[PDB]
Amino acid sequence: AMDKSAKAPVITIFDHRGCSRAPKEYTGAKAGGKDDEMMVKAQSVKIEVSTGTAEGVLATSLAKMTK
Amino acid sequence: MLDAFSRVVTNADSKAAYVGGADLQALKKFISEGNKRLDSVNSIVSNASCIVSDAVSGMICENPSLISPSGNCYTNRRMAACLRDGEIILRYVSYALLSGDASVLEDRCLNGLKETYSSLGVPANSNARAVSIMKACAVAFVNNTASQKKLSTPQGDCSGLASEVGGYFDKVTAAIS
Amino acid sequence: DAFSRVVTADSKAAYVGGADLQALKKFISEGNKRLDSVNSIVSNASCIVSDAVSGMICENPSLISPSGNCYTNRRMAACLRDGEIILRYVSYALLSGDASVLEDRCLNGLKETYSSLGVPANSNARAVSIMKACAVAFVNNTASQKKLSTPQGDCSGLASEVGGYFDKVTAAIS
Amino acid sequence: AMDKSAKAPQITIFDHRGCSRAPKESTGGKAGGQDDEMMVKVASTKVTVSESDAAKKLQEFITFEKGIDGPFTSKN
Ligand SMILES: *C(=C)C1=C(C)C(=O)N/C1=C\c1[nH]c(/C=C2\N=C(C[C@H]3NC(=O)C(C=C)=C3C)C(C)=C2CCC(=O)O)c(CCC(=O)O)c1C
Ligand SMILES: *C(=C)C1=C(C)C(=O)N/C1=C\c1[nH]c(/C=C2\N=C(C[C@H]3NC(=O)C(C=C)=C3C)C(C)=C2CCC(=O)O)c(CCC(=O)O)c1C
Ligand SMILES: *C(=C)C1=C(C)[C@@H](Cc2[nH]c(/C=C3N=C(/C=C4\NC(=O)[C@H](C)[C@H]4[C@@H](*)C)C(C)=C\3CCC(=O)O)c(CCC(=O)O)c2C)NC1=O
Ligand SMILES: *C(=C)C1=C(C)[C@@H](Cc2[nH]c(/C=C3N=C(/C=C4\NC(=O)[C@H](C)[C@H]4[C@@H](*)C)C(C)=C\3CCC(=O)O)c(CCC(=O)O)c2C)NC1=O
Ligand SMILES: *[C@@H](C)[C@H]1/C(=C/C2=NC(=C\c3[nH]c(C[C@H]4NC(=O)C(C=C)=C4C)c(C)c3CCC(=O)O)/C(CCC(=O)O)=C2C)NC(=O)[C@@H]1C
Ligand SMILES: *[C@@H](C)[C@H]1/C(=C/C2=NC(=C\c3[nH]c(C[C@H]4NC(=O)C(C=C)=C4C)c(C)c3CCC(=O)O)/C(CCC(=O)O)=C2C)NC(=O)[C@@H]1C
Ligand SMILES: *[C@H](C)[C@H]1/C(=C/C2=NC(=C\c3[nH]c(C[C@H]4NC(=O)C(C=C)=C4C)c(C)c3CCC(=O)O)/C(CCC(=O)O)=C2C)NC(=O)[C@@H]1C
Ligand SMILES: *[C@H](C)[C@H]1/C(=C/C2=NC(=C\c3[nH]c(C[C@H]4NC(=O)C(C=C)=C4C)c(C)c3CCC(=O)O)/C(CCC(=O)O)=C2C)NC(=O)[C@@H]1C
Ligand SMILES: [Cl-]
Ligand SMILES: [Mg+2]
Ligand SMILES: [Mg+2]
């Protein structure tokens, strides 16, 4: 069911081939290739939108509308 | 089902889940079109703020009464809730595209959603336009026919994945319209 | 006068419509085109700032490493904020047809502040140059998101003018 | 001088020709034509970005994707 929590799956796709910052978060088995430099992260996050963002969208909308 | 993400999708906990290395190698052969699929998800979620704001502000420029004193986006509170819902929807669509399966979108986002909107008076015609604009954004990011210079990915044809993501947006539209 | 009071003395906003707007357009060059040009930047400001900061970082990811100047939410917020401040002052220079407020209120003293803080000038220059490219395309209506119904004509003069305001920013902070 | 207050001009351009929401905010009377349905507003307001909002932006930026416009210049 839609549970009213305002949570959703936040996905971060980290394709960091060639990156000097070493992987560490994933601790499962290694592939022995470029998959060891790439990762899919997912996390349940409460989705929040700020007052400031809402004010910015309001100002954009007023400026772009005509009639 | 993506078992690594089972707790994520049930909101069982707030712990991050990670799929790299051999688990990622296997994931890309479990789902189809694996590399292109992950590039497609990346191009949508990395642009989420702009997709949602452009969709909501387009919904509004087409129907300005939404931010009149009687409209359902009037006040920062209502605008923020609308932008938040656009993002929740976009993110569940992004998970359908990651997994190649609409189940979590249908079951954890869409089931019961229309009846909530009806009780609140969230206008369905306006909501459908926000969703339609988000869909157009996602299709353009996935099936991006600019030259190699302008793409973050090796050039090729991602029209199939763009059609697939379009179908997930169409499931949202059918559920709430 | 009404805008000057606001941007420097009078706390409340200036609302210039009707006859006052008719008068405003007699004192700025190419008034109608100029207001279209300003709106093309201001109404797209969120994407301009985001794209510029994102591009600065994607060209130099060390900015979000633990030793980078955008590390922590606090610092990233300050950088996003500063991009928006700079864009706002450039947009007001285009509205008013003048660089005086931009120079006095945004640029004078800015480099000294960034030097003391350690805000990296090369990275900052890149954020500004991406914003410049965005603004030129919006003025000429050649960005990927276009305004549909602007009357067709040549705004290359206004695009050159806004480019010069960005160049003042670059010269002041580089 | 740059006064460190984080205040900057805030412009709203309202080309609201034909808009059914009546104008009520001008103070100098009427042009007798379409300027009477348009307005430039200028305020001086503090620019602020919350830490939570900056966290949302970082999660977008860290993946090295882009919008439609521009060349792809990342090496990562
Ligand atoms: C290369 C790009 C980078 C340069 C150059 C640099 O200075 N920083 C670079 C990258 C970078 N990565 C992080 C943070 C995270 N990266 C991952 C993904 C990797 N971890 C893994 O285990 C694998 C594969 C098996 C990866 C690929 C994750 C999960 C994080 C943590 C943050 C998150 O959003 O979850 C940063 C941020 C600062 C830091 O933690 O070093 C940067 C800038
Ligand atoms: C037409 C577009 C609209 C439809 C249809 C609708 O339902 N609302 C529409 C417009 C709209 N306008 C505002 C708010 C403001 N508009 C102005 C500018 C006008 N006022 C003037 O005096 C003149 C010219 C002489 C104008 C042009 C201003 C200053 C405001 C107040 C808000 C602000 O940003 O300062 C709204 C917002 C809700 C409302 O106030 O009615 C809407 C949706
Ligand atoms: C009000 C006058 C009004 C709008 C506001 C605007 C809304 C709108 N937007 C599109 C389509 C797209 N928007 C996109 C968004 C983005 N592209 C980027 O590069 C950034 C990161 C991001 C935020 C701005 C994209 C990719 C698209 C799709 C391509 C395209 O240009 O069409 C539409 C069209 C929707 C449709 O096709 O049904 C609309 C209506 N338009 C307004 O009129
Ligand atoms: C990191 C992987 C990365 C980026 C991020 C990106 C940065 C980049 N962007 C430009 C140029 C433009 N960006 C524009 C922005 C927008 N256009 C829209 O329609 C929306 C609303 C808004 C936000 C996305 C625009 C208009 C331009 C100019 C386009 C043109 O000229 O037609 C550049 C180029 C900067 C330069 O020319 O110096 C770059 C690098 N690229 C990345 O790789
Ligand atoms: C539509 C989506 C795009 C497009 C995509 C292409 N991507 C191609 C190859 C490719 N992409 C990745 C990165 C991907 N794999 C991962 O595991 C992760 C993250 C965890 C990501 C983001 C890889 C590794 C590869 C393969 C190696 C490489 O070529 O770099 C690709 C070419 C191969 C193919 O055709 O299957 C394409 C076409 N291309 C486009 O033009 C649109 C915009
Ligand atoms: C470069 C910026 C553009 C471009 C601009 C043109 N705009 C022209 C005319 C025009 N624009 C407006 C709207 C403007 N005036 C205001 O007072 C306000 C808001 C307060 C705005 C947003 C008006 C009223 C007009 C006059 C015509 C009309 O009645 O609509 C225009 C025509 C020439 C001119 O008037 O000088 C041009 C060229 N055109 C382009 O193709 C680039 C991309
Ligand atoms: C934006 C395109 C809309 C619009 C949206 C509004 N939604 C409001 C309330 C609301 N939305 C949901 C659904 C949301 N919560 C979830 O947990 C999930 C999925 C898992 C979703 C998609 C709920 C449950 C509620 C009520 C509770 C709440 O807001 O947290 C809403 C009213 C907000 C308020 O008055 O506080 C708005 C304005 N409004 C529009 O005009 C367009 C069409
Ligand atoms: C983003 C593209 C940058 C970046 C920027 C940072 N700026 C930081 C602080 C800061 N900025 C200003 C100037 C600002 N305040 C004003 O009043 C005006 C104009 C009227 C402007 C343009 C000041 C005065 C300050 C210091 C006080 C404050 O934070 O408000 C900042 C924080 C540094 C720190 O706390 O360590 C950052 C990160 N950083 C980058 O890496 C890119 C290049
Ligand atoms: Cl676009
Ligand atoms: Mg089912
Ligand atoms: Mg990449």
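Just so it is clear, the values below take in all heavy atoms, side chains as well, and ignore hydrogens, waters and symmetry mates. Whatever order the structure lists ligands and atoms in, that order sets their numbers, starting from 1. Within every chain, numbering begins at 1; the chains are lettered A, B, ... in the order of the sequence lines, protein sequences first and strands thereafter.
- D:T63 and A:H16 get closest at one heavy-atom pair: CA-NE2, 4.5 Å.
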Are there any N/O pairs under 3.5 Å between ligand 3 and the protein, and if so, what are their distances?
unit_1   : atom_1 : unit_2 : atom_2 : d
ligand 3 : 9 (N)  : B:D54  : OD2    : 2.7
ligand 3 : 13 (N) : B:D54  : OD2    : 2.7
ligand 3 : 13 (N) : C:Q145 : NE2    : 3.4
ligand 3 : 19 (O) : D:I68  : N      : 3.1
ligand 3 : 31 (O) : C:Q145 : NE2    : 2.9
ligand 3 : 38 (O) : B:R129 : NH1    : 2.9

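- In this structure, atom 40 (C) of ligand 6 has a protein heavy-atom contact shorter than 4.0 Å.
- Ranking the protein heavy atoms by distance from atom 17 (O) of ligand 6 puts C:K25 NZ, 2.8 Å first.
- C:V128 is not listed as a side-chain neighbour of C:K132, based on a closest heavy-atom distance of 4.5 Å or more.
- Considering backbone and side-chain atoms alike, C:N32 places an N or O below 3.5 Å from some N or O of ligand 6.
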If you look only at distance, which donor and acceptor atoms sit under 3.5 Å apart when one is on a side chain in residues 3-19 of chain C and the other is two or more places apart or in another chain?
unit_1 : atom_1 : unit_2 : atom_2 : d
C:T8   : OG1    : C:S4   : O      : 2.8
C:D10  : OD1    : C:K12  : N      : 3.4

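- Ion pairing of D:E25 with D:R21 is present here, as a side-chain N (NZ or NE/NH1/NH2) and a carboxylate O approach within less than 4.0 Å.
- On a distance-only criterion, D:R17 and ligand 6 share at least one N/O pair closer than 3.5 Å.
- To the nearest 0.5 angstrom, B:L105 atom CG is 9.0 Å from B:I89 atom CD1.
- A salt bridge does not link C:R81 to C:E84: none of the charged nitrogens lies less than 4.0 Å from a carboxylate oxygen.
- Between the choices C:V139, C:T150, C:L24, the shortest heavy-atom distance to atom 5 (C) of ligand 6 belongs to C:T150.
- Considering backbone and side-chain N/O atoms, C:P151 comes within less than 3.5 Å of an N/O atom of ligand 6.
- Although no hydrogens or angles enter the test, the distance criterion places a donor-acceptor pair under 3.5 Å between the side chain of C:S65 and the main chain of C:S62.
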Which pairs of donor and acceptor atoms, one on a side chain in residues 55-67 of chain A, lie under 3.5 Å apart (sequence neighbours left out)?
unit_1 : atom_1 : unit_2 : atom_2 : d
A:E55  : OE2    : B:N76  : ND2    : 2.9
A:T60  : OG1    : A:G56  : O      : 3.0
A:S61  : OG     : A:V57  : O      : 2.8
A:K64  : NZ     : C:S43  : OG     : 3.1
A:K64  : NZ     : C:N44  : OD1    : 2.9

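- The closest side-chain heavy-atom distance from B:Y117 to B:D85 is below 4.5 Å.
- Counting only heavy atoms of the protein, atom 4 (C) of ligand 6 lies nearest to C:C155 SG, 3.2 Å.
- Residue-to-ligand polar distances place C:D36 within reach of ligand 6: an N/O pair is separated by less than 3.5 Å.
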Atom pairs and distances, donor-acceptor, side-chain atoms in residues 133-142 of chain C, under 3.5 Å, two or more places apart:
unit_1 : atom_1 : unit_2 : atom_2 : d
C:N140 : ND2    : C:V136 : O      : 3.4
C:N141 : OD1    : C:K147 : N      : 2.9
C:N141 : ND2    : C:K147 : O      : 3.0

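- Using 4.0 Å as the threshold, C:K33 has a heavy atom nearer than that to some atom of ligand 6.
- Nearest to atom 43 (C) of ligand 6 by heavy-atom distance, out of D:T12, C:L21, C:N141, is C:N141.
- The ligand atoms of ligand 6 that sit less than 4.0 angstrom from a heavy atom of C:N140 are 43 (C).
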